[PDB]
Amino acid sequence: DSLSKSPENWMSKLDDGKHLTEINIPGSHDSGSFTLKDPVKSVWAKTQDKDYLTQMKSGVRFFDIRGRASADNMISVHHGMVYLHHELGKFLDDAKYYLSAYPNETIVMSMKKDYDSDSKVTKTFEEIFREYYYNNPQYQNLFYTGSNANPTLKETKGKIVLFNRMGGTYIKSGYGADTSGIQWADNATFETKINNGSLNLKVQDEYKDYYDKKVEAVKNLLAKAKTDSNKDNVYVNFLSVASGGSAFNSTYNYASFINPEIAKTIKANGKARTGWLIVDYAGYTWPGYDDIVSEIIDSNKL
């Protein structure tokens, strides 16, 4: 009966008059890193163990996609310098497949350049993304192309909405889709106006924090969102954090503590506004502990 019991289609159960900003959305941090298998690399660079499709079926709707231009017509998915063994086309193919099966969901796709392009590349990262992906015949109608800076669920059903972390772009649809882009502060909680002043973006992205500082920073932004009804404010709250330098200090081990702690907090807040919460190891369950994705989903007041 709870929304989280059918995580494949939870957005379909909402009033589609809601602006995406007002929806409490589970996101996955460094979403494409599920491919990593090397133990030492995985400690710091692996943030997920489910693939794109499984993340989606688990209720994830915000995807943190990082890229590297590897050819003049190709973007490879990366975690910084580390190649995640697939190209951007895989994600978009998966997103299309999923949105076809679940046509009343919407997906927000964050796009960012994570590494310098291959030496043979002659075009900018943004140009390659814009020409060969956003305006690719296969995906052109898949992306949201409306002029609403604050789209509703109804306008974006079956669509991917760009969340632009590329810097300036000539793309005209999506969060931060203008020639200014989003002014992103390093390792900080910050707020900045985007979309020519139409939205106020409020972000907690203190990725270098130690454990207690990070949990506090997440709870602080959660508390702000809880008392903020403004449709024109958008909240992005990263539960993810940098690893230590060892197997027991992995991103996984951090998430195994942070995710249940925040999930418990949300559960014990009832249905209230949380914003968009971006997590490591989305869908990873631990017996006897509250699930962060499920609780974000269920926090949506219906």
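Sequential numbering from 1, following the sequence displayed.
For the segment pair 46-54 and 267-275, the entry gives 267-275 the higher mean B-factor, averaged over Cα atoms.
As listed in the deposited structure, the average C-alpha B-factor of 24-32 and of 66-74 is greater for 66-74.
You'll see in the entry that, of 126, 205, 93, 118, the Cα B factor peaks at 118. Comparing C-alpha B-factors across 189, 110, 196, 169 in the deposited entry, the largest value falls on 196.
Ranked by Cα temperature factor within the chain, residue 284 sits in the middle third according to the deposited record. Residue 216: CA B factor in the highest third of modelled residues in this chain (values from the PDB entry). Per the PDB record, residue ranking by Cα B-factor puts residue 210 in the highest third of the chain. Among the modelled residues of its chain, residue 257 has a C-alpha B-factor that falls in the middle third according to the deposited record.
Among the modelled residues of its chain, residue 201 has a C-alpha B-factor that falls in the lowest third, as given in the PDB entry.
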